[PDB]
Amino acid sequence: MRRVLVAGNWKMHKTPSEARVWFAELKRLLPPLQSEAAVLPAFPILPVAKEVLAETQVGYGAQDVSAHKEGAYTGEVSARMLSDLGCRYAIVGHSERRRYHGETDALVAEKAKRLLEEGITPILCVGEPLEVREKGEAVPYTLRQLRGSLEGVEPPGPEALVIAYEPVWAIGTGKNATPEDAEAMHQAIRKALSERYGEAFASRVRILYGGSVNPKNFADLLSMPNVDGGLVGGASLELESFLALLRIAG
């Protein structure tokens, strides 16, 4: 069975000083767990994440990364910077960046390649907008996004790639996809991965569900055969909530 992954996307919240406290509390309170936990804070919080969590079972990663290895790209952060900090993951193609920053499938693929080269696992996000869902095109749209975002992306193994299905209409709206609909989409995604990398590879890739995941609905979502964890937004900000999610994962 695929090991569960609970990744907390703090988005643009907290300061480095506030994060130090949060991480220290998590370290002291963290019980022994079989599943995998990871926190994905803003760029300037990564150093303290490394400092406080490096020796714990809790991993960490970035919320974005440059499509370039280095250069005249003011404001951008490179994969080499992230690997120097020991990031295990980095989100690429999050809905918010595809929407607010015009990130294309092609750009997301490049970012994924930069991460792979440095041994960082991309958490590649795909998901359809409400309009597409209502027209009954959720699966074709999401698969098209997945294939486009994986163009030229060839991970060393299934452990080096994570896919996160986050329907846009489920982000911060309180309206999560039902476990059944999530399961159906993950099945489609996994089949697409099998065609892309082979069955052995696809059967081992962790596919997380994201979009209003919380302590009240996580257990049922995680019970779905093809749902391997969650990309948690709002519910990862409060330590008690994050811990509750980790206990559910076990």
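The numbering used is simple: start at 1 and walk along the sequence shown.
Asks: Compare the mean C-alpha B-factor of 168 to 176 with that of 144 to 152 as given in the PDB entry, and name the stretch with the higher value.
Replies: It is 168 to 176.
Asks: Is the mean CA B factor in the deposited entry higher across 123 to 131 or across 81 to 89?
Replies: It is 123 to 131.
Asks: Going by the deposited entry, which of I45, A54, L208, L26 has the highest CA temperature factor?
Replies: Top of the list by C-alpha B-factor: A54.
Asks: Pull the Cα B-factor of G157 out of the PDB entry and bin it into the chain's lowest, middle or highest third.
Replies: Middle third of the chain for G157's C-alpha B-factor.
Asks: Can you tell me whether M224 has a C-alpha B-factor in the lowest, middle or highest third compared with the other modelled residues of the same chain?
Replies: Highest third, going by the recorded CA B-factors of the chain.
Asks: Give the position of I189 by CA B-factor within its chain, expressed as the lowest, middle or highest third.
Replies: It belongs to the middle third of the chain when residues are ordered by C-alpha B-factor.
Asks: Name the third of the chain's ranked CA B-factors that contains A49, choosing lowest, middle or highest.
Replies: Its C-alpha B-factor belongs to the lowest third of this chain's values.
Asks: By its CA B factor, does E238 count among the lowest, middle or highest third of the modelled residues in the chain?
Replies: It belongs to the middle third of the chain when residues are ordered by C-alpha B-factor.
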